[PDB]
Structure formats: structure tokens, C-alpha cells
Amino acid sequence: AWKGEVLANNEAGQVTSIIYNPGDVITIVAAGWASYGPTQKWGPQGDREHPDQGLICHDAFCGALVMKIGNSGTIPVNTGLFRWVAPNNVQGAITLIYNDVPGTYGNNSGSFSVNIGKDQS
């Protein structure tokens, strides 16, 4: 299991200790407050009012929590995933990432606190 912070200004993402393997079932719960620039902060689903101007993940709002498994494309996490199984052939370390436009992370602030565990399978 893994517990840590995912900083909004971390463009590279936060590598976790979870290595997602075929057949694994995982649960993620994310909390906290972060911003992509403005003074306001949003929770792990991000800002539903802000248009997508080239986000790393088009399947979640600006300022949402997303992830990559190994070198997968970005997958939404938002507030978390409950007893979740990955698509076939997706495997590897989970990196958690704040959803913003590449090269625009420098004015971000805050972080999300995240727990990830493997479930029975």
C-alpha cells in the first residue's frame, strides 16, 4: 500500500510504490485542495468550469488527479477508484499527476493526499 502527497506543481508526477500487475484490483482515495494558477483551489475532480486548452488528460477536468500505469496514457483518478481493474495489457508503476497543460505547472499550488491499496483478487 502507498500513501503520499501529489503536488500540483510537479509536472513529472509522483511515482508511487504500487506496481500494477495483471489481475490486480486496486482502490484509491484522494483528498485535498490544489490550484492550476488561480487563487481558488479545487478538490481532486478539478474545476468543471475551465475549458481544456491542451490538458495531459482530456478525460478529466483541469486540476483533477490522473494517473499513468507504466507508460500508459493518462487515466482519470479524480476522488478515487473503487476495486478497480485496469484494461488488458496495462501494467507497471502507478504515477499520479495533477492535470494541467504541459509547461504550465510553475504557477500551480497545493497538493492532494492519496492512499492506494491492493484489494483481494
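So that there is no doubt, residue numbering starts at 1 and follows the sequence shown. For the two forms, the rigid core is made up of the largest set of C-alpha atoms that agree within 1.5 Å on superposition.
Fitting each structure in 9 other deposited structures of this protein onto the rigid core and averaging C-alpha distances over structures and residues, 88-96 emerges as the more displaced of 45-53 and 88-96.
Between 89-97 and 62-70, it is 89-97 that carries the larger average Cα temperature factor according to the deposited entry. With 43-51 and 30-38 compared on mean CA B-factor from the PDB entry, the stretch scoring higher is 43-51. Looking at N107, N21, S113, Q14, the one whose CA carries the top B-factor in the deposited record is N107.
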